[PDB]
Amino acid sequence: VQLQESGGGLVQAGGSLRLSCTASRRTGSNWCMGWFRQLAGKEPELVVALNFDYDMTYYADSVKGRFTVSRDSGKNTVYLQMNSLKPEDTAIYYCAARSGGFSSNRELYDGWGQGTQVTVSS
C-alpha cells in the first residue's frame, strides 16, 4: 500500500541511473512491483514490472535490453537499472505495486509512488 522511492535525478545522455522502490506490505498473491513512465504531456504507461511469486518480468519494447529489474529477498524491494539513457527517456517515473499481475491500467495498483523526476541532459 505504502511505497518509498529513491534514486533518479539528472544524468548525462548515454549515462546510467538506478531507481529503487520498496513496499511496506504485500497485499496478496501475484505480487507485482514496477514503474510507470509519464512522458510530459503524454499518457502514463507501464514501462517495467516484476512478478514476485513467479520471478518473471515485463519490459516495454522502448526499454527492452537497456533496462533491468531485480529484487532482494527479505526486503520487499525492487531495483531498476537504467543504461544508455536516451533524451526521450526523461520523465517522472512512478513506482507502482499491485496484487493480480501486470496491468497498463493505473487503477487498483494498491501502491502508487509520489514520483521521481529523471532528467536526461547533455
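So that there is no doubt, residue numbering starts at 1 and follows the sequence shown.
Higher average CA B factor: 108-116, of the stretches 95-103 and 108-116. Taking the PDB entry as given, 37-45 carries the higher mean Cα B factor of the two stretches 84-92 and 37-45. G28: CA B factor lies in the lowest third for its chain, per the PDB record. Among the modelled residues of the chain, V69 sits in the highest third by CA temperature factor in this PDB entry.
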